[PDB]
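What follows is a set of notes on a single structure, which appears directly below.
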Amino acid sequence: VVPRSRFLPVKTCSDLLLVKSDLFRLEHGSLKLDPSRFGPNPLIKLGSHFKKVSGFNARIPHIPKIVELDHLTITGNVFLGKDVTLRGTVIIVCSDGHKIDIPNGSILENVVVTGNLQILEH
Amino acid sequence: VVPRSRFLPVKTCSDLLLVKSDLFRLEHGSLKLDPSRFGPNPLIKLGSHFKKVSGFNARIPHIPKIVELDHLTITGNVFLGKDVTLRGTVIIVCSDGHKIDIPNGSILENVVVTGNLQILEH
Amino acid sequence: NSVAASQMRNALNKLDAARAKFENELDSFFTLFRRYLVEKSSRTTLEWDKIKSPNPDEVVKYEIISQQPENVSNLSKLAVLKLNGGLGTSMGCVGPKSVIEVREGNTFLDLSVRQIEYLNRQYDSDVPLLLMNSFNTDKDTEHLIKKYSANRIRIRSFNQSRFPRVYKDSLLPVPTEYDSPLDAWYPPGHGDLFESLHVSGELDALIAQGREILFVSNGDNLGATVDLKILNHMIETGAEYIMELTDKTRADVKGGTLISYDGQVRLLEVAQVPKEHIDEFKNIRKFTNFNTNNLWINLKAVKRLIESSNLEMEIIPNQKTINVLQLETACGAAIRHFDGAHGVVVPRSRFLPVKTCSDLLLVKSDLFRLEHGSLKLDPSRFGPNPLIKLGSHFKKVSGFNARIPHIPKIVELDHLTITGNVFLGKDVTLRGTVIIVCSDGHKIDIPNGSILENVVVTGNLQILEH
Amino acid sequence: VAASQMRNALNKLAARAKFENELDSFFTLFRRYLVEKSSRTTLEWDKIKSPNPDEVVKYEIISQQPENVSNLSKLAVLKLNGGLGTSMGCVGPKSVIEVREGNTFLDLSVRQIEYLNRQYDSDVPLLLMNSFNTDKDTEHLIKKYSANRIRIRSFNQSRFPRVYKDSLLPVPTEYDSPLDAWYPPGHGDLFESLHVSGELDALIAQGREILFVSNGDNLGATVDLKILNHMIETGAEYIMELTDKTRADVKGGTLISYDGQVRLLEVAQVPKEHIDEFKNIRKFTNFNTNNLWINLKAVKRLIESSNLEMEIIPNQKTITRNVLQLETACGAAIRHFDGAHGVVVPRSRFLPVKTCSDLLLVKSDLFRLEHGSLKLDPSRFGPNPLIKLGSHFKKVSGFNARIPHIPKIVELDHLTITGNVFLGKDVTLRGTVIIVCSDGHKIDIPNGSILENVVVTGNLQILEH
């Protein structure tokens, strides 16, 4: 037996977000977990507009501060802004047809988010 | 001929957002305009769900930081989170029968926002 | 008196009533209100520097109680009170929250009886159930208690205090007469327990009836059975107050805990943590426990501290518009003012609260069996219980039954969260994580027999009898 | 080490005139880069001062100067022309994009100098400084202006190589190996190339004393006589036209006195600690409108002694086979010139056309056209209306799609149009108009509608019955 310390798989862009976040520091080719972080890692379930890697960067070009997040699950067509913070449980689910722009700096915590929202450069 | 300083009518909950904001420090019963603020007040055209004071408080229970705003226009049924910052020009227009919930700590700067976003305490 | 205080004692001069002079009520209100304003001057928040974490003596783990004693004779003294001042409007109900059907037809109060009925029978004893009511509930409870005529329990109810609500702006005692509008009073919290417990004379009568300890629990806590091993621990270590604590889960933060402060154990709530430090408090990793409000309180000690008026608890100035101001206190806070008073951890087994219809689904499911008024968890179930977060079309109880008339098989479910207008069919099974979220405007009928497992469900779907 | 790597790799050839004098002129910059790349490339903040009436002249002064006609014999006019028209959908130079009443940029300038000439009897030469991305298309194009009251001439600037950002080796290998591998090194290249062409020799040779340089896409850059005489009375060798800065132009360049000389401070030269002060338009009130009056003789001498040397602008860019484009700005050269200083003009002489929004403005009843110049309407009391057209309006094609009939807007303050919106014949836009149309919708504003102070939203289709 060995601790998950050494089971850190990247199967899926959902895994790509985890290892890209502030939840890890990169030292000598190794992802060392934060001292703050005293649990299991958060359960990230990004839906499929996040499957391919071009899709994922399109949508998460600025990795959110996820250090106090348990369960994130995002569904449908969603674009996260710069400097977004996720906390507790965040369920964002944009239904077929629509698309949601989550504003820059927005900070979501224990919340279900749904609908249309388009944000455009004036 | 005085400076506009000695003209600060409060006719409308738009005026109310202004005088209630980080634009002014209060001191011995007088609104002192913030020193950094270089020139004319920002132009605030809140729409009609904002007319009565009841509605105003409904949607802005947390006056957004606006010390760097020029133009804000808000039309339709819109709710504003804790710690919003409005820089430059913000236009939030929400169509008939919709609703939009601006998420806590969002930094809206120079944008047009439109759509239908519900944010629900999970 | 003070300037604003002599204006309120002037209302004590301001306040068809033959020898029923509620001066007792008015006076107790005065002491609180005056001090409320006195504490209005200073920072009224414990110094963070001097808050220290409890040591094994002050907060005893469960294992330590567990394998120790078992003494029947003890029941001679034990009494059981159930806090009953709550209305059930937040669950969409006219009346005492505790008369809502919670499981298989049984109300909270039924289950209270059943559980105690069975305590009395198992050891041929006579322990009484005590229902502390309030002016909002007292009327209904005395009628509702009449049903158990010829049971194996002596249910005895009593009212707490009536206190006058105030105005946020003018800060003057809102009403005028012994009863102008009912929606003008308020019960002074469950800290007001002690005064009206002895003002009713249940303090005496219980001591006189030969009883020495109350086991106090909430109306809406189904887990709070009588733990003999505790009644013993409390009686051997001759403690005068025992608070039951359970491990704080990620969604328990806001709740208060016991600390060690100036060599006493006392109850720290968020309101009494300074704003620079609240986040540290809410940190579950630094505050492993919280108060379940399952309290064992030495009756003798209550008399002592009441007659030597020392029982002094923090003021919660809750505000409601019917803006207005309600000054109330909590039973738990008094803990410091008791000799040998300490805390005891206990498993969630006995923290089973029904705040919310989301909680109603949990306790209604196959996840529990009902034995002797007790919800015993399945043998299969070896974890934490599932996190159920039903959205608001589920807030009132008529709404919830409309929508979940047939409780789903939830035995292998972790996280369920449903949002918007959703109707669950007969024989639905939930597994793993189920996130059903129907957006504004729409409504989703989940077909009969449907079985959802690790799935996000969304959209419109209407199902109609052909 | 990066030096000899550049000079050796740059020396490979694979022609009658050796284009080396540029590849070497490059090496001078490309090297300099390394030197500065290391240490401080930020002027000491603590030494900057705000100019004397000496160093920035207000118009109040110039306003009353002669308006001399007989010195056009000293004037030669230049427009910068290395800019493409793609960011407006179009292709070819920017300068040939229809701007007003079928007139391109080029057309309007020609019309103006032609007018200058005819009205005054003077043969003022027009000069288009092209680039490789414009030269040929401008050479054939200009030939349309045959038999005119205008002596038009063009020329090309330098064809510097791009450099690979990571490897720091030059992009091309051959004299033509991809057309992606070259870049024109900015309007600071003006002099250097004005020299290599020989118009510099020709202008002096033919008695032209002063160049009046302006951007291609500036429509207000007319010849101001009132300024010409100021410039000659003072004998100053370089004059930079500056205009007040507003909310929308914080990060434009401005002019300052600094350790004895007047120079242009751009944002890059400011310590990262200080931009929260640089952008206070209470403290830095003008910007370089890029209308530059310039003494040709002074240019000759300065080139000959290699005294002209502007601030390095790296500008990192990308193309598919990241890369670096070291370039420079004529405006910044002002320090090296003697007597040099600035003059505060009205915004009139700043009318950039960067965007189809600008295009709506200059095409509207806001301006009457007269002999190649946009005259702003007399009634119009103060600042131009603020036009923020959205993205379906970016390309010129789309613009014409939706506004084939420029709306009357002489009384507009703010217009914002977002989404897919079509505008009828004879619309009038008063005050504030906000038309925002959601994703997947369309809105047809009906003929002769008067929108004044409104928010319009929805989904209206209007169909020829």
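Positions of Cβ are generated from backbone atoms using ideal geometry, with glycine treated the same way; all protein chains shown enter the neighbour counts. All of this is worked out from the model, or read from it or from the source named; no laboratory read-out is quoted.
A few comments on the model shown:
- Scanning the stretch D:434-465 for residues that are over 24 Å from A:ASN116 (Cα atoms) and in contact with a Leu (Cβ under 7 Å, 6 or more places away or on another chain) gives D:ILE445, D:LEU451.
- Where strands (runs of 3 or more DSSP E) sit wholly within the stretch D:365-407, those with at least 3 residues that are under 26 Å from D:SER109 (Cα atoms) occupy D:367-370, D:373-376.
- Taking the listed residues C:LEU46, C:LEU26, the one that is part of a helix (DSSP H, G or I) and assigned by CATH to the domain that holds C:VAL270 is C:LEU26, with no other qualifying.
- Candidate set: the stretch C:234-254, residues that are touching a strand residue (DSSP E or B) at 6+ places or on another chain (Cβ under 7 Å) and over 18 Å from C:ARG336 (Cβ atoms); chosen: the one farthest from the other protein chains (Cβ to nearest Cβ): C:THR246
- Residues being outside any strand (DSSP E or B), polar (S, T, N, Q) and in contact with a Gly (Cβ under 6 Å, 6 or more places away or on another chain) - total across the stretch B:95-122: 2
- Residue within the stretch D:364-384 that is farther than 29 Å from D:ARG118 by Cβ and crowded, with 20+ Cβ neighbours inside 10 Å present: no
- For the stretch C:224-255, the set of residues classified as surrounded by 23 or more Cβ atoms within 10 Å (Cβ to Cβ) and small (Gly, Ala, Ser) consists of C:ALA224 only.
- Every test in (1) surrounded by 17 or more Cβ atoms within 10 Å (Cβ to Cβ); (2) more than 14 Å from chain B (Cβ to nearest Cβ); (3) in a loop (DSSP other than H, G, I, E, B) is passed by A:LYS11 save one, and that test is (1).
- Hey, B:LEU31 more than 14 Å from chain A (Cβ to nearest Cβ) and either crowded, with 17+ Cβ neighbours inside 10 Å or touching a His at 6+ places or on another chain (Cβ under 8 Å) (or both) or not: no
- Selected residue (only one of D:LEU463, D:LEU451, D:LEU429 is assigned to a loop (DSSP other than H, G, I, E, B) and either of a type in the set (S, T, N, Q) or over 29 Å from the mean Cα position of the chain (by Cα) (or both)): D:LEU463
- Verdict on A:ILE92 being out of contact with any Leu (no Cβ under 6 Å at 6 or more places or on another chain), more than 8 Å from every other protein chain (Cβ to nearest Cβ), within 30 Å of D:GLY390 (Cα to Cα) and part of a strand (DSSP E or B): yes
- Taken over the stretch C:412-426, the criterion of being away from chain A (no Cβ under 11 Å) and either buried (at least 17 other Cβ atoms within 10 Å of the Cβ) or outside any strand (DSSP E or B) (or both) is satisfied by C:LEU413, C:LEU416, C:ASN421, C:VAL422, C:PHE423, C:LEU424, C:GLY425, C:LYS426.
- Pairs where the first residue, in the stretch D:434-445, is more than 16 Å from B:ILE91 (Cβ to Cβ) and more than 10 Å from chain B (Cβ to nearest Cβ) and the second is among the β-branched types (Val, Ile, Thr) and outside any strand (DSSP E or B), C-beta under 6 Å, 6+ apart: D:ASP444/D:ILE462; D:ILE445/D:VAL427
- Residue in the stretch C:392-411 that is of a type in the set (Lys, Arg), in contact with a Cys (Cβ under 7 Å, 6 or more places away or on another chain) and more than 10 Å from chain A (Cβ to nearest Cβ) present: yes
- Number of the condition not met by D:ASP358 [criteria: (1) in a helix (DSSP H, G or I); (2) over 18 Å from the mean Cα position of the chain (by Cα); (3) surrounded by fewer than 20 Cβ atoms within 10 Å (Cβ to Cβ)]: (2)
- Enumeration of residues in the stretch C:123-173 that are under 21 Å from C:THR225 (Cβ atoms) and aliphatic (A, V, I, L, M): C:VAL127, C:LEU129, C:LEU130, C:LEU131, C:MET132, C:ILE145, C:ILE153, C:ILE155
- The stretch B:95-113, residues that are at positive phi and either polar (S, T, N, Q) or within 7 Å of another protein chain (Cβ to nearest Cβ) (or both): B:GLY105, B:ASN110
- Remark: B:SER21 matches the filter, which requires a residue to be more than 8 Å from chain A (Cβ to nearest Cβ) and in a loop (DSSP other than H, G, I, E, B).
- Test result for B:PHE56, under 26 Å from C:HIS442 (Cα atoms), aromatic (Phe, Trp, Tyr) and more than 9 Å from chain A (Cβ to nearest Cβ): no
- Filtered residues of the stretch A:37-53 (kept if within 14 Å of another protein chain (Cβ to nearest Cβ), closer than 26 Å to A:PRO103 by Cβ and not aromatic (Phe, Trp, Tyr)): A:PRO42, A:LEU43, A:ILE44, A:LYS45, A:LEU46, A:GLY47, A:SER48, A:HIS49
- With respect to the stated conditions, C:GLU23 is among the acidic types (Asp, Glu) and loosely packed, with under 12 Cβ neighbours inside 10 Å.
- Selection of the stretch A:29-43 for residues being among the polar types (S, T, N, Q) and part of a strand (DSSP E or B) yields only A:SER30.
- Those residues of the stretch C:275-333 which are among the small types (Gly, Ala, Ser) and surrounded by fewer than 16 Cβ atoms within 10 Å (Cβ to Cβ), in sequence order: C:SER308, C:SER309
- Scanning the stretch D:59-89 for residues that are part of a loop (DSSP other than H, G, I, E, B), closer than 22 Å to D:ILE152 by Cα and over 15 Å from the mean Cα position of the chain (by Cα) yields D:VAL69, D:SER70, D:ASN71.
- Criterion applied to D:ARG402, D:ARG349 was being of a type in the set (D, E, K, R) and in the same structural domain as D:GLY252 (by CATH), and the one residue passing it is D:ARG349.
- Scanning the stretch D:119-146 for residues that are surrounded by fewer than 18 Cβ atoms within 10 Å (Cβ to Cβ), in contact with a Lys or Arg (Cβ under 9 Å, 6 or more places away or on another chain) and not hydrophobic (A, V, I, L, M, F, W, C) yields a total of 1.
- Yes/no for D:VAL196 being assigned to a loop (DSSP other than H, G, I, E, B), surrounded by fewer than 22 Cβ atoms within 10 Å (Cβ to Cβ) and aliphatic (A, V, I, L, M): no
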